[PDB]
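Presented below is the structure to which this report refers.
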Amino acid sequence: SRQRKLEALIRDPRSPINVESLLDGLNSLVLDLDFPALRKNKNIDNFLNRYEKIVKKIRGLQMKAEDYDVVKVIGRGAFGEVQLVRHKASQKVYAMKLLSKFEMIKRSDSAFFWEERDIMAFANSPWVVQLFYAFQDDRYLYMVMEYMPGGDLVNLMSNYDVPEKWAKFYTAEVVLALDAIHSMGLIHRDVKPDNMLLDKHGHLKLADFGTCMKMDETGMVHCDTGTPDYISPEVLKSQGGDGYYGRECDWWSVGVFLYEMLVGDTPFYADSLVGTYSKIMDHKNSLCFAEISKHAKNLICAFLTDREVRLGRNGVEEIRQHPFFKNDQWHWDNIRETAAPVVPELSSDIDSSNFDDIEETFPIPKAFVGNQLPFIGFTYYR
Amino acid sequence: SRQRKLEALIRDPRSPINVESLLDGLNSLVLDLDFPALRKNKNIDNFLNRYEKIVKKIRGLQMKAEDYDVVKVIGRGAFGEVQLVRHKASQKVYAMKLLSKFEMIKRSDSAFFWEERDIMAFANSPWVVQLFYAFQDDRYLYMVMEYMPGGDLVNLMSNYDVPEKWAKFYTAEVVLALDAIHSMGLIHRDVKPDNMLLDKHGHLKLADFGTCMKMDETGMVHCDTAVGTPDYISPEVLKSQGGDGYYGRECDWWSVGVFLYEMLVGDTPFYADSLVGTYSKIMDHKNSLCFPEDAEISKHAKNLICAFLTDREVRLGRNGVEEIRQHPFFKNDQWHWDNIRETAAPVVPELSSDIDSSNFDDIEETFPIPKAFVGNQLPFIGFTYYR
Ligand SMILES: Cc1[nH]ncc1-c1cc2c(s1)C(=O)N[C@]1(CC[C@](O)(c3ccc(F)cc3)CC1)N2
Ligand SMILES: Cc1[nH]ncc1-c1cc2c(s1)C(=O)N[C@]1(CC[C@](O)(c3ccc(F)cc3)CC1)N2
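See below:
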């Protein structure tokens, strides 16, 4: 066949050897070889003279952080900040998440983003925040995503006293969004109001995929990797050395979310990491309520039990037909194209009134350290 | 102002960042990192576990040396042999030059082939031997060229007594071959009968481009190394070893002079028992150059040689290739300069089959595992070429 089998692999933007990735493999080789210490090497100097020229040019004609106006900083993650940005040429407003390369190399935390990228880029769901451009430089990783001007549910829940019928909507849109995540053979692990963003029209989209794992042939995962509030008992227990868990661990998170939304506090709240963790483990005795209807009370309890009997172990169908999700203005077939509880009031394309306000280098190597190598293949254009 | 600018750079076959070279980039990185000592590094291991699998599958599709049957070894250069090969699938015959990656690295001389490749892969001249494929593996560099069953001119000079009528032809063809090399912006520096091969029809081609330098924007080169074979070296290239060297194409016309002298006299002009003696005779070429009493040579032939074998300032061909063409020696009734290559050759080779190598005499170690990063395969990233 020759270069037909090989041409196909290059074309696929899902394959790790697409053109953009091959270019990363050159840049990160130049970026990690270009230090005077290592330059004493004959081989490393031959290479860098022949390529440094053309490599610098390439760097020029592909997406940079300079190609964006930074309207304002709207969030701050574990590694970098999330910015509200406007691309200069097209003038289109996006949300740009920065990830610090150095703060990732300085931690057992420099592979998480691969799932965060693949989901947001290729999920193609109405339930997933959508990635347009993924690019990098010597310092940072960048993801350019559709901006969600509606805020997150942590902001809504503090701003509005949430009544039962509002929770019927919000829980349901999480259920569906989660099912979409599951149908890509993935568990979210850490589902919570922070990863729940609202769009222009007040509808849900999941966002923070950092802690995602891909299910086994069976459907479980068997490896250890935050803060407990919304985390399932089996997941905490399994941090001490293996033991599988599955998709049902996300449904636990949902119950915690429905509780917090209806009551006001998380069901296992305590003013310490230890306290919430301890309460979760003894969930049999710790969960108690009030002013909640029996149908809503019941769904919370069907979620907040160990994985064996937890609602949604048998399927997403159990959840749907539950008496709590019975209303008038939406069916599961059209929930997204109905009116949301809170449709956000938006002045312009850069309005961020649903978000609040907020106000590093690599060490020059002696030997080859390969700091950029973990980030080869991250670059992506729509 | 678009990434369609970039799109062009990738597609351009003679661009440093074509897809083959980008894939070489990924490959020679996997090769220079996959060692247990190196893999103690988190980064290098994070990388290899994600790429090593797919990289292996690619290597599978890449042109192996297994793709060829080796008919006979027909030559051996400094850094490896030249095998007469038949490509298995196509069943076509090729000459394949091997270049040892180890011996090339071990001797600090590992940049000479880049020109050698471009000349053969892109010359498109009937005077330049032509490259079809250029692949590599961890151990070797490979050059698949069109086979030249006729043999080299060193062979022709020791099987036949060359009369001046033949010398006229061969010298003329060498002259035109070099003009084609020059018109591509390159000086050869190593013109010799060994680098002069003969096609199926007994006609010339130039072969060993390892020593080639590309002229600057003014047709001159700055070289401070005395490069090439000691017998054919020009006084300027020789002197250039010490201090600022400065020369153009003229040095190639020196070689042509020596070539002709060898062909008519039967010996090189500045021959000596040592290398160090040959150099000295070249330096004192006014006094050392003389034709023997017994060798009979036309007054035209001696004129052409001596016009070639002088200081660059007064050397023939300094004022264009034209003053060579019209030289009285090149007067004949058998070929013009327009056609020469389509006249009958003085020696047409008798080939019995497509693997006949009767015009070639028959004949008849790797890297250590590194501690840290060494990048042994880095000088070879981008070698790979296909037609
Ligand atoms: C706004 C937008 N529009 N289109 C995409 C986005 C994203 C926003 C974030 C995204 S995308 C993300 O990936 N991470 C975070 C990092 C900050 C976070 O941890 C936070 C903030 C405040 C809290 F009170 C608690 C938590 C939430 C997740 N933010
Ligand atoms: C035959 C063919 N067909 N298509 C390409 C070729 C090439 C052949 C060679 C090529 S291409 C080459 O690059 N190098 C050499 C290595 C051996 C050499 O140095 C030599 C020196 C003195 C000798 F008495 C004999 C041989 C000559 C050049 N051979």
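Chains as they are written, first to last, in the entry's author numbering: chain D, 25 to 249, 252 to 315, 319 to 388, 395 to 417; chain A, 25 to 388, 395 to 417. For each residue, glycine too, the CB sits at the ideal point set by N, CA and C.
- Cβ-Cβ distances below 6 angstroms link residue 378 (chain A) to 117 in the same chain, with the five nearest sequence neighbours on each side left out; the list follows chain order.
- Considered as a whole, the stretch 158-230 of chain D harbours 177-183, 188-206 as its complete alpha helix (DSSP H) runs of no fewer than 4 residues, in chain order.
- For residue 221 (chain D), the shortest separation between its Cβ and any heavy atom of ligand 1 lies below 7 angstroms.
- At a cut-off of 8 angstroms between C-beta atoms, residue 382 (chain A) does not count as an interface residue with respect to chain D.
- Between residue 195 (chain A) and residue 214 (chain A), the gap from beta carbon to beta carbon reaches 8 angstroms or more.
- Within the stretch 90-132 of chain A, complete beta strand (DSSP E) segments of at least 3 residues are found at 92-101, 104-111, 117-124, given in chain order.
- Residues of chain A with a Cβ closer than 9 angstroms to the Cβ of residue 134 (chain D) are, in chain order, 66, 67, 70.
- Only exposed fits residue 299 (chain A), as fewer than 16 other CB atoms lie within 10 angstroms of its CB.
- For residue 75 (chain D), the C-beta contacts it makes with chain A under 7 angstroms involve 40, in order along the chain.
- Boundaries of the alpha helix (DSSP H) around residue 303 (chain D): 299-307.
- Around the beta carbon of residue 258 (chain D), 16 or more other beta carbons sit within 10 angstroms, so the residue counts as buried.
- Check the Cα spacing between residue 62 (chain D) and each of D:415, D:414, D:399: the tightest is with D:399.
- With a cutoff of 7 angstroms, residue 90 (chain A) does not count as near ligand 1, since its C-beta is closer than that to no heavy atom of the ligand.
- Residue 271 (chain D) sits in a strand when the DSSP states are folded into three classes.
- Rounded to whole angstroms, the gap between the alpha carbons of residue 223 (chain D) and residue 150 (chain D) is 10 angstroms.
- A direct Cα-Cα distance of roughly 27 angstroms separates residue 155 (chain A) from residue 395 (chain A).
- A residue is called buried once 16 or more other Cβ atoms fall within 10 Å of its Cβ, and residue 217 (chain D) is buried on that count.
- Interface with chain A (8 angstroms Cβ-Cβ cutoff): residue 398 (chain D) is excluded.
- By the Cβ criterion, the stretch 188-208 of chain D is in contact with the stretch 270-282 of chain D, since at least three pairs of Cβ atoms, one from each stretch, lie closer than 8 angstroms.
- The beta carbons of residue 240 (chain D) and residue 268 (chain D) sit no closer together than 8 angstroms.
- At a cut-off of 3 residues, not a single continuous stretch assigned as beta strand (DSSP E) sits fully inside the stretch 61-87 of chain D.
- Chain D has a Cβ within less than 8 angstroms of the Cβ of residue 27 (chain A).
- Contact check for residue 369 (chain A) against residue 226 (chain A) passes: the beta carbons are separated by less than 8 angstroms.
- In the three-state scheme derived from DSSP, where H, G and I count as helix and E and B as strand, residue 156 (chain D) is classed as strand.
- The C-beta distance from residue 70 (chain A) to residue 409 (chain D) rounds to 5 angstroms, short enough to meet the 8 angstroms contact threshold.
- Residue burial annotation: residue 266 (chain D) is exposed, with fewer than 16 other C-beta atoms found within 10 angstroms of its C-beta.
- Under the Cβ criterion (8 angstroms, minimum of three pairs), the stretch 160-179 of chain A counts as touching the stretch 111-130 of chain A.
- Residue 106 (chain A) has its Cβ nearer than 7 angstroms to a heavy atom of ligand 2.
- Exposure of residue 387 (chain D) is indicated by the presence of fewer than 16 other C-beta atoms within 10 angstroms of its C-beta.
- Excluding its 5 nearest sequence neighbours in each direction, residue 179 (chain A) has C-beta neighbours in its own chain below 7 angstroms: 383, listed in chain order.
- Remark: the shortest separation between the CB of residue 121 (chain D) and any heavy atom of ligand 1 falls under 7 angstroms.
- A contact between stretches requires three or more CB pairs, one per stretch, nearer than 8 angstroms, and the stretch 71-86 of chain D meets this requirement with the stretch 25-34 of chain A.
- In the structure shown, the three-state DSSP call for residue 287 (chain A) is helix.
- Of the heavy atoms belonging to ligand 1, none sits nearer than 7 angstroms to the Cβ of residue 78 (chain D).
- In the structure shown, residue 144 (chain D) adopts helical secondary structure according to DSSP, grouped into three states.
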